[PDB]
Each structure stands twice: as C-alpha cells, then as structure tokens.
Novice: 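Sharing a structure below in structure tokens format, with a few things to ask.
Side-chain atoms are counted along with the backbone in the values below, which use heavy atoms only and exclude waters and symmetry mates. Counting convention: from 1, in listed order, for ligands and their atoms alike. Chain letters run A, B, ... following the sequence lines, proteins first, then strands; residues in each count from 1.
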Amino acid sequence: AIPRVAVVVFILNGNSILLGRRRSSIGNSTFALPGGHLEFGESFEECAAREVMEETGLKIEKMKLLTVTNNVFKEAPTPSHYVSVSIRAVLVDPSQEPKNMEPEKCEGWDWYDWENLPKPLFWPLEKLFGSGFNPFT
Amino acid sequence: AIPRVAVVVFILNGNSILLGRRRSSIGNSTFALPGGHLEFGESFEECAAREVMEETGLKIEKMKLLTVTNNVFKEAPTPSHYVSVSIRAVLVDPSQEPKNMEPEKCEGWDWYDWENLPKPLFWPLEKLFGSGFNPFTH
Amino acid sequence: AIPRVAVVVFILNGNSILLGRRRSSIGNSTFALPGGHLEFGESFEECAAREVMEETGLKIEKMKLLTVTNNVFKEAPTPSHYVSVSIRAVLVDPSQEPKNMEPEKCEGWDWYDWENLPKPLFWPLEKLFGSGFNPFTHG
Amino acid sequence: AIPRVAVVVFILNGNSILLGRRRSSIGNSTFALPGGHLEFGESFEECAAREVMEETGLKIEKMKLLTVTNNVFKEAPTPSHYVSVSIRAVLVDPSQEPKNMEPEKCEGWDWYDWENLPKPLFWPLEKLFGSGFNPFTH
Ligand SMILES: CC(C)=CCC/C(C)=C/COP(=O)(O)OP(=O)(O)O
Ligand SMILES: CC(C)=CCC/C(C)=C/COP(=O)(O)OP(=O)(O)O
Ligand SMILES: CC(C)=CCC/C(C)=C/COP(=O)(O)OP(=O)(O)O
Ligand SMILES: CC(C)=CCC/C(C)=C/COP(=O)(O)OP(=O)(O)O
C-alpha cells in the first residue's frame, strides 16, 4: 500500500459547484466532486478534463491549480491513502448539463449553491471547507 | 508504472535555502532540495521533517504547505512520474549545521542566498522558480 | 494508431456556413463541417474541394488556409487522433444547393447563420469557436 | 503511404532562431529547425517540447501555434508526405547552451539572426519564408 494521486475538480458555474453522491465503500451516499486517478505521464489538467468527461460528459476549460490535500482512509474495507490535487474549472458551454455516465460510482450530478451546500459532504471535502478553503476565491 | 508522491522541503534560514547536488540517475549533479517519498499514512509535514532528518540531520519545525508540482521523467532509465508537494520549514536551532547523511545520494548540503542561487538547478526546481514561485513569500 | 490528417471546410455563403449532422461513432448527430482525409501527395486545397464535392456536390473556389487543430478521441470505440486543417472557401455558383451525396456519413447539409448556429456542434468545432475563432475574419 | 504529422519549432532568442544542418536522406546538409513526429495522443505543444529536448537538450516554454505547411517529398528515396505544424517558443533559461543530442541526425545547433539567416535553408523552411512568413511577428 502506497499513497496514490487523485485529481478532483471544482466546476464553478455562477455561484454553484457540481457535486454528486458517491456509490462506494468509502463515503457512501455523501456528496463529492468529480475526479479521477492520475495516470502515468498525465498532467493535472489532462486528468481533470478526462475524469470530468468520463464521469459527467461535461467539457471544461480555464483550469487552475487550487491546492493539494492528504486523505488517509484507515478504516476502509481496504485501507487506502490518496493525495488529492484540487483543480478549478468552468464549462466550455455554460448551458451544458451533466449526465450520470458511471451510475455504479455515483447517484447523479447536480449544481449546488456555495451558500446552500448539501449534507453530508464527503469527509475530505467537508474537512477542506472547514479549513476556510473557498474554490471561488 | 504509476505516479508516486514526493515531499520536497524549502528550509528557510535568513535569506537562504538548503540545496545539494544530486548523485542520482535523474538530474545527476544538479542542485536540489532535501526531500523524500511519502509513506502510507504519513502526513506531508511528517514526511518533510523525516526526510530532512534522514538526509541532513537537521531538525525543522513550522512546516507549511506551499504548492504541488507534476514532474514526469519519461526518458529516464526507469520512467518515473512524481507528484511533489513543496513544504516550507525553519530550523528549530538556527545554528545547526547540515550533515551529508546519505552521501551516496548527495554531494553535500549547503546554504544558498535567494539572490545568488547556484547553477545548474535540478530541472523541476528551475521550472518552479521560472513560474515566479518564491518560498519565502508564497 | 497514429495521428491522421483531415481537412475541414468552412464554406462561407453570405453570413452562413454549411453544416450537417454526423452519422458516426464519433460525435454522432452533432453538427459538423464537410471534410475529408488528406491523400498522399494531395494539397490542402485539393483535399478541400474534393471532399466537398464528394459529400455535397458543391463546387468551391478561392480556398484559403485558416488554422490547424489537434483532436484526440482516446475513448472512441476505435481510439482516433486527427490533425485537422481548416480551409475557407466560397461557392463558384452562389445559387448552388447541397445534396446529401454520402448519406451514410451525414443526415444532410444546410446553411446556418454565423449568429444563429445550431446545437449541438461537433466538439472539435465547439472547442475551436470557443477560442474566438471566426472563419469570416480570420487572417 | 499516408501523410504524417510533424511539429517544427522556432525557438526565439533575441533576434535569433535555432537552426542546424541536417544529416538525412531528405534535405541533407541544409539548415533546419528542431522538430519531431507527433505521437498518438500528444498535443502540438507536448510534441514541440519533447522534440526540442530530445534533439537539443533545451527547455522551452510559452509555446504558440504559428501555421501549418504541406511538405511532399515525391523525389525522396522513400516518398514521404509530411504535414508540419510550426510552433513558436522561448527558452526557460535564456543562458542555456544547445547540445547536439542526436549527432547522427544533425551537424550541430547554432543561433542565427533573423537578418542574417544561413544558406542553404531546408527547402520547406525556405519556401515558407519565401511566402513572407515571419515567426517573430506572426
Ligand atoms: C479534498 C477531496 C475532495 C479529496 C478527495 C479524496 C479522494 C480522492 C478519495 C478517494 O476517492 P475515490 O472514489 O477515487 O477512491 P475509491 O474508488 O477507492 O473509493
Ligand atoms: C524540486 C522538485 C519539484 C522536486 C520534485 C521532483 C522529484 C521528486 C524528483 C525525484 O527525486 P527523488 O530523488 O526522490 O527520486 P529518484 O531517487 O527515484 O530519482
Ligand atoms: C467535420 C469536422 C467539423 C471535423 C473536425 C475534426 C475531426 C476529428 C474530423 C475527423 O472526423 P471524420 O468523420 O473524418 O473521422 P471518423 O470517420 O474516423 O470519425
Ligand atoms: C521548416 C519545415 C516546415 C519543416 C517541415 C518539413 C519536414 C517535416 C521535413 C521532414 O523532417 P524529418 O527529419 O522529420 O523527416 P525524416 O525523419 O523522414 O527524414
């Protein structure tokens, strides 16, 4: 077991971000970001665009590195350790709506207002927000 | 082959940072930061202090996250991909001097002024500095 | 697989361009330009006029190079990578209407006004326009 | 045979571009740009950076698409057809010296002033300049 690299994407649309409830043995039914695992030779931005396309069908642009978090899941059915790179992006077409391309992993994607976020948030995301992190600013 | 996580440490001492020439198959003879590979369950700060201890003997404190870089070495003898978390830290004892504690991996560690950095810098470090990154004020 | 060269044609007619919905494993039912694959020894302009003739029956002239785009489809049924040369052209006979000469690749061709383009556009086209590219005024 | 994509790079340094005489069955001994063949999945910029590193060791940045040319070599020993994407770039470190990293394919790289270009230029490059193309102002 070694740390693995993930990229998660804050897709900003107006005052909203895209979230969807996980179907997973880690954080089941909590609201999480679209994201994926970084592949050998891939840039953060190439991974962000690929994962978002794979999971939601959405086309994004104007990507920007935000931060990196250390996310250890000790009590998981298989304990895992992710180092997660956060990327901000916006839609190429602001009217494009997400599709649930991987329903085995997610209940569906929807837009949530920064001032009315749902609960429960996936703990890595809740923890990051609790630190004062704001993807818009 | 998959991306692996490293932590690299800017040890800030006055106006200087610690650098040492690599003895390595990647970036041989270039000036680089002390650093290490993140272990399972380890925090960024724990890895930074441990790697600096292992390589230099220096005791550091007040670790703070600076940024993250993507460093691919496809044409290396062994293709490697590192995601590198940069950490800022200071000496617990500002009079402590570095030792070359892993002398097979580094020619020796010394302090370099921010305004008189040595050449050649390890390419990931040169690339990061070329973006305007400054570890003292970031 | 290796990158392959395509030529795509912006046929400018008044304020309109020619588009048609693809019948394809890639970008199915999205609006795209007439175009074709560059043949060995062929010029961009020859490719543009030939592909437009083959797909639409239209006769074009005054071909001019616009730009080049890199379009990778790693997740297609068959992963593909195209390098697409954009060409501007006009009708030799402005009254000539397109025909759906290759109905296996396209639902049909129509003229669409630059300020009222249809949706959904084929993703390479949407991406190019998103950059501010305008075939009428480019260059 | 099928058209194949190349990328060629105008590395701008002051008023100069990098050129080197080809050792090749096509355009032998003529002055040409660093470049390479586009790989499946690669962006134009990734190819430009990779090819320049492979051939010269130089690190480049600020890459921009310039134009595209159609370069048919019917008279070649193996007739070839290249579609060549021109990319503008600059050095990360303007003091970095080129190396002749593939000395079987190039006699050596040097910087040439825009107002004193060498002869004979590789015909695809000569022909492009003959149209009035200028990589500094495009
Ligand atoms: C700050 C944030 C939001 C960090 C995200 C943490 C993360 C990548 C968890 C693993 O998710 P996963 O679904 O990729 O792992 P698995 O498929 O193994 O459950
Ligand atoms: C200044 C920056 C961004 C450095 C990050 C790049 C990096 C971790 C290279 C590998 O070093 P390594 O010595 O830990 O790996 P290896 O011994 O396998 O070559
Ligand atoms: C028509 C337009 C706007 C094209 C832009 C870019 C592009 C990838 C063309 C290739 O499509 P193709 O149909 O020629 O290739 P394939 O048949 O393999 O899908
Ligand atoms: C200045 C311009 C427009 C150059 C483009 C022309 C070109 C790609 C020639 C082939 O180079 P190559 O060295 O890759 O050919 P080969 O390897 O087949 O000998």
Side-chain angles (χ1 to χ4, degrees), chain A residues 4-10 22-28 32-33 35-37 67-71 73 76-78 80-86 105-106 121-129 133, chain B residues 4-10 22 24-28 32-33 35-37 67-73 76 78 80-86 105-106 121-129, chain D residues 4-10 19 22 24-28 32-33 35-37 67-71 73 76 78 80 82-86 105-106 121-129 133:
Chain A
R4 292 281 313 277
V5 177
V7 175
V8 295
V9 186
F10 292 90
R22 300 172 53 85
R23 295 195 169 114
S24 175
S25 54
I26 295 176
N28 194 48
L33 304 166
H37 303 163
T67 196
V68 60
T69 57
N70 199 49
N71 306 286
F73 303 95
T78 162
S80 58
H81 179 169
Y82 282 100
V83 169
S84 311
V85 177
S86 283
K105 299 312 202 67
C106 185
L121 299 174
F122 185 39
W123 170 234
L125 184 60
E126 185 183 2
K127 186 186 186 173
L128 175 61
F129 287 163
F133 175 82
Chain B
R4 291 182 70 234
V5 181
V7 170
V8 300
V9 187
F10 291 93
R22 298 169 58 78
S24 178
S25 61
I26 299 176
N28 199 44
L33 304 166
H37 298 103
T67 192
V68 60
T69 58
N70 197 52
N71 306 110
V72 181
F73 311 92
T78 314
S80 310
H81 183 162
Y82 285 101
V83 176
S84 305
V85 176
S86 286
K105 299 169 48 180
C106 181
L121 297 175
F122 188 34
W123 161 241
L125 191 58
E126 168 90 344
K127 187 182 189 169
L128 176 60
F129 287 158
Chain D
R4 302 187 292 263
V5 181
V7 170
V8 298
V9 190
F10 291 92
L19 302 167
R22 300 172 52 85
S24 172
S25 56
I26 291 171
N28 193 51
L33 302 168
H37 299 64
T67 191
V68 62
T69 55
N70 202 44
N71 307 111
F73 307 98
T78 293
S80 290
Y82 282 102
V83 173
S84 311
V85 177
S86 284
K105 301 198 339 189
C106 186
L121 298 178
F122 188 34
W123 169 236
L125 183 61
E126 190 185 356
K127 174 181 196 183
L128 177 60
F129 288 160
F133 176 86

Novice: If every non-hydrogen atom of B:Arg22 is compared with every non-hydrogen atom of B:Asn28, which pair is closest and at what distance?
Specialist: O-OD1, 3.3 Å

Novice: In the structure I gave you, are the side-chain heavy atoms of B:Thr78 and B:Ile26 within less than 4.5 Å of one another anywhere?
Specialist: no

Novice: What heavy-atom pair brings A:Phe133 and A:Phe129 nearest, and what distance separates the two atoms?
Specialist: O-CD2, 3.6 Å

Novice: Find out whether the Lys NZ or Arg CZ of B:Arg4 is both under 6.0 angstrom from the six-membered ring centre of B:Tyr82 and within 45° of the ring's axis.
Specialist: no

Novice: Measure across D:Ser86 and D:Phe10 and return the closest heavy-atom pair with its distance rounded to 0.1 Å.
Specialist: OG-CE1, 3.6 Å

Novice: Run through all N or O atoms in ligand 4 and write down each protein N or O closer than 3.5 Å, as a pair with its distance.
Specialist:
from, atom 1, to, atom 2, distance (Å)
ligand 4, 13 (O), D:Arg22, NH1, 3.0
ligand 4, 13 (O), D:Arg22, NH2, 3.1
ligand 4, 18 (O), D:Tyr82, OH, 2.8

Novice: Side-chain contact test, heavy atoms from C-beta onward, threshold under 4.5 Å: evaluate it for B:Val83 versus A:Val68 and give yes or no.
Specialist: no

